[PDB]
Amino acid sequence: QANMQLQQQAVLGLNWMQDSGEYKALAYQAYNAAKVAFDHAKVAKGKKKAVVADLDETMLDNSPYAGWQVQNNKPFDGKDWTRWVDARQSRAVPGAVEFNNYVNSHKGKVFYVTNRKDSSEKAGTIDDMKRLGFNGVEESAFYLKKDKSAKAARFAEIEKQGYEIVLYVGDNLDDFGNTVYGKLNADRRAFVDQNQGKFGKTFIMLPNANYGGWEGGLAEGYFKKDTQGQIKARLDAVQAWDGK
């Protein structure tokens, strides 16, 4: 089964995210930097300070779903995902709760801009965030996915309400705007070089070695490929020393 080959390729990165103190230190580092950024942020007169935050693998830890995929040789499946969301077993990314609550009690507002589905995944999402200790998880704070996965228009909606976004937190570059949405990794890397100065300042990164826009970035039409085509794209992407 090519599906076993596909999920086994995630095992080491899953181990790292789930078990290592290194992963946790990177989460703390991101949220420590995010606090400094928020403290220093200067906002135009008339505006209120907003922080925009992605959820999955930024504030919520869905690693148990990945653990289930590995154990059962399952590729991603939207219906399996909703059952996970409704299981209400999401964990918190280290640092995230304390950061969220800090912002919200110090003249800011965190907005959750997320591609969990507004229709079917809102309830489990809000339940888990309350349980995990996030302050300000009222409906109005959430900009969940409707039709589009691209996030900029939701950022814009927030700006329409007299907020100035002072920072953006995410594990995916598409959490920072639409510049490289649906683009291959060369373009995505180019965006990062162009915006080098913003990282750890206006753009706050969380680590995610398991999935994301970088995965689709491995090859043209990657997500439309079958399991074998996806494995091939992963393997063809490998940069290797010749052994000499």
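Numbering starts at 1 and runs along the sequence shown.
- The stretch with the higher mean CA B factor, choosing between 66-74 and 215-223, is 66-74.
- Looking at 206-214 and 40-48 together, the entry lists the larger mean B-factor for 40-48, computed on C-alpha atoms.
- Per the PDB record, residue ranking by Cα B-factor puts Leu167 in the middle third of the chain.
- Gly200 sits in the highest third of its chain by CA B factor, as recorded in the PDB entry.
- Per-chain ranking of the deposited C-alpha B factor places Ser120 in the highest third.
- For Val85, the recorded CA B-factor ranks within the middle third of the chain. Only modelled residues enter the ranking.
- In the deposited entry, the Cα temperature factor of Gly108 sits in the middle third of values across the chain's modelled residues.
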